[PDB]
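A, B, ... follow the sequence lines: proteins, then strands. Residue 1 opens every chain.
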There are 2 protein chains.
Amino acid sequence: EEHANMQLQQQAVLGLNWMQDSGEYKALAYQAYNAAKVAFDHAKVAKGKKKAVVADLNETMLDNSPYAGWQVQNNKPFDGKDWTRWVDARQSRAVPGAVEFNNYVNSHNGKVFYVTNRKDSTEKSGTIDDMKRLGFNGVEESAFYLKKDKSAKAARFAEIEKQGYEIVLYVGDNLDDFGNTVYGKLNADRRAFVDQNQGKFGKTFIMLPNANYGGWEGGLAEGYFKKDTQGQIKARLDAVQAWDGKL
Amino acid sequence: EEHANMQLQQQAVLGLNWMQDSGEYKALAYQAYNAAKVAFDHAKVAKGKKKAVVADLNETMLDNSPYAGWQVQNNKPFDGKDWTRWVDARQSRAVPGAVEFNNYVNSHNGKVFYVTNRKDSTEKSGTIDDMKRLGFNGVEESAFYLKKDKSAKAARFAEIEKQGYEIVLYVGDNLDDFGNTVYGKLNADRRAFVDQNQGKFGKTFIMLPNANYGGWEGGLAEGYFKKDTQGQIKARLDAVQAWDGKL
Ligand SMILES: NC(=O)c1ccc[n+]([C@@H]2O[C@H](COP(=O)(O)O)[C@@H](O)[C@H]2O)c1
Ligand SMILES: NC(=O)c1ccc[n+]([C@@H]2O[C@H](COP(=O)(O)O)[C@@H](O)[C@H]2O)c1
Ligand SMILES: [Mg+2]
Ligand SMILES: [Mg+2]
């Protein structure tokens, strides 16, 4: 139903306005990357290891907000086929502070590896072209660990370690950018993971804000991503914690 | 129109789900307060000054998300009269990491002052009661600078300085928690302020995420807060930056 598709995407509007328009969002991005630089400079690795930083791409280093804007304007639920066209459009922007941090790491005895669920086979060329244009250094193909068979990222982190790197910090907008332990899990388990790692945030796990999509959306309900549009609307509304209006 | 009121509040849903349910939101809160502790510990003040931290309350130290949930469920645009009832309901929660940071500052030769637009005359008793219950130390009345005549906060910061304090850092979810220079201004000017202070974020200006309301909402359009519901809906939608769907 077109009506349900409209309601689902209207529910994204305020979060999108905040990400696209607010100074507050930019300030959070700068805060994250300022903290990331401090952590990188402090990091020491085991003898014989090279220093790596793992960075997510979408909503961490690359800004895809115009795709979300297109969803709102056209009442379109997320579809990977539309996403591939967006990537091919080569209109990605950079998250504030990301290019400077990336280039600083790469010029100060580290290497940033991009562990991202952009698709290796169909989305790599647009990604590399956009990153070059946006000013990122170190965007040769071997820096990239784009999605092949698995969306969970831990196996790619392990590949990087096998190449003689010690990962000193991770940057992401999704908890699944830090490992697999809450991949596919509901939000209660995801909050618990965060509580169990409270001291790492702003140190070895660097967070960027994303109020539009991610593992937290799936985390709203069992089987969320397999529900129809009406079901997803209901899942979102049922997750709302509301004051009853009484004293 | 009830239909417009419904659409306006539906636009808050995803941002609210993210703030209420996600582990990612909690991680951002911990990141902010972890960075805040580092900044506080590093801070030095002028001879003869006492160390102060200025903290915002709403969506910085206190979590009012159930009020937003009530808005969604009842199709209610923001109204200060409903807000006062919410405050009186004494159901505020604490933002993750806030109580620990607050109490650490207060036990380590600093003082947190609460500079907040909760209303001094009608909202103070619920605020103090909730903060005591939530575990905050230092919530005697003299720690509070609640709103009296002006929503802009700089004059209250100056009052604190006049009492012999040097403010070593500010914590907030709204850029207006850092001074008056973009108070009442549109988002372009607010983003410019952030760019002009890029290095301060995560150091002396500590940001918490708020994808639900604030100065950035008013910043969407000239005279936004005086528009009717239809006008606010249009302002939000007109602010959206959308991909045109082409390559
Ligand atoms: N609304 C959504 O669910 C939504 C929006 C944008 C991208 N995506 C997908 O999530 C992936 C995230 O990639 P990263 O791992 O680089 O953040 C994208 O490549 C895309 O496949 C999903
Ligand atoms: N949707 C809205 O505009 C909205 C929501 C919650 C609180 N408020 C107001 O904004 C103020 C913010 O207070 P702080 O300065 O402690 O963040 C509240 O006390 C209230 O007056 C506005
Ligand atoms: Mg991402
Ligand atoms: Mg606030």
Side-chain angles (χ1 to χ4, degrees), chain A residues 7 10-18 20-24 26-28 30-32 34-35 65-67 69-70 72-73 85-86 88-89 91 173-175 182 187 190-191 193-195 198-199 201-203 205 207 209-212 214 216 219-220 236-237 239-243 245 247, chain B residues 7 10-18 20-24 26-28 30-32 34-35 65-67 69-70 72-73 85-86 88-89 91 173-175 182 187 190-191 193-195 198-199 201-203 205 207 209-212 214 216 219-220 236-237 239-243 245 247:
Chain A
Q7 176 173 11
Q10 285 293 299
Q11 292 175 336
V13 167
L14 214 46
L16 184 61
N17 288 153
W18 178 67
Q20 294 194 313
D21 220 46
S22 76
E24 287 82 359
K26 295 204 82 183
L28 287 155
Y30 290 147
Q31 174 161 280
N34 291 341
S65 75
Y67 167 79
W70 173 89
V72 166
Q73 291 187 348
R85 289 194 71 255
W86 158 252
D88 194 30
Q91 294 178 33
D173 66 294
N174 182 330
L175 299 171
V182 295
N187 283 328
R190 298 174 69 86
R191 292 188 307 267
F193 169 82
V194 172
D195 293 339
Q198 178 179 347
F201 298 105
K203 302 292 220 302
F205 293 157
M207 279 292 312
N210 179 350
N212 179 247
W216 66 267
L220 294 168
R236 294 170 179 190
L237 293 175
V240 170
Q241 301 173 48
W243 175 42
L247 301 179
Chain B
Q7 176 173 11
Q10 285 293 299
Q11 292 175 336
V13 167
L14 214 46
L16 184 61
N17 288 153
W18 178 67
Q20 294 194 313
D21 220 46
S22 76
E24 287 82 359
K26 295 204 82 183
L28 287 155
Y30 290 147
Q31 174 161 280
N34 291 341
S65 75
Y67 167 79
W70 173 89
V72 166
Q73 291 187 348
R85 289 194 71 255
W86 158 252
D88 194 30
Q91 294 178 33
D173 66 294
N174 182 330
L175 299 171
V182 295
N187 283 328
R190 298 174 69 86
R191 292 188 307 267
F193 169 82
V194 172
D195 293 339
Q198 178 179 347
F201 298 105
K203 302 292 220 302
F205 293 157
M207 279 292 312
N210 179 350
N212 179 247
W216 66 267
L220 294 168
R236 294 170 179 190
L237 293 175
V240 170
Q241 301 173 48
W243 175 42
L247 301 179

Under 4.5 Å heavy-atom distance to chain B, tell me which part of [X] shows up: side chain, backbone, both or neither.
X      : result
A:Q241 : both
A:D173 : backbone
A:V72  : side chain
A:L16  : side chain
A:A12  : both

Practice task
Sort B:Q20 into side chain, backbone, both or neither according to what part of it lies under 4.5 angstrom from a heavy atom of chain A.
Solution key: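 For B:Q20, backbone and side chain are both near chain A.
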
Handout entry: Options B:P209, B:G214, B:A35, ranked by heavy-atom pairs under 4.5 Å with chain A, top entry
Key =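 Greatest number of close heavy-atom pairs with chain A: B:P209.
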
Problem - Contact winner vs chain A - B:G199, B:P66, B:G69, heavy-atom pairs under 4.5 Å - result: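 Top count of heavy-atom pairs under 4.5 Å with chain A: B:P66.
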
I'd like to check [X] versus [Y] (side-chain heavy atoms, cut-off strictly below 4.5 Å). Are they in contact?
X      : Y      : result
B:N210 : A:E24  : no
B:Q10  : A:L237 : yes
B:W18  : A:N212 : no

Problem - A:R191 (side chain) donor-acceptor with B:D21 (main chain) under 3.5 angstrom - result: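 Yes.
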
Practice task
Give a yes or no answer on whether the side chain of A:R190 reaches the backbone of B:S22 with a donor-acceptor pair at less than 3.5 Å.
Solution key: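 No, the answer is negative, given that no donor and acceptor are paired below the 3.5 Å cut-off.
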
Practice task
Check ring pair (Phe, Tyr, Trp, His ring centres under 6.0 Å) between A:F205 and all other residues, then give those that pass, not counting sequence neighbours.
Solution key: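 A:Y170, A:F178, A:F201.
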
Handout entry: Euclidean distance, A:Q11 CD relative to B:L14 CG, rounded to 0.5 Å
Key =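 One finds 7.0 Å between CG of B:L14 and CD of A:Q11.
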
Problem - Interatomic distance, A:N17 atom CG to B:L220 atom CG [nearest 0.5 angstrom] - result: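 Here the rounded value is 5.0 Å.
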
Handout entry: Residue pair B:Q73 / A:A242: nearest heavy atoms and the distance that separates them
Key =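 Where B:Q73 meets A:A242 most closely, the heavy atoms are OE1-CB, 3.2 Å.
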
Practice task
Write down the atom of A:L175, the atom of B:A27, and the distance for their closest heavy-atom approach.
Solution key: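 Smallest heavy-atom distance, with atoms named: CD2-CB, 4.4 Å.
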
Practice task
Would you please name every residue forming a side-chain contact (heavy atoms from CB on, under 4.5 Å) with A:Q198, sequence neighbours left out?
Solution key: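 A:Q198: side-chain contact (heavy atoms from CB on, under 4.5 Å) contacts with B:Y30, B:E100.
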
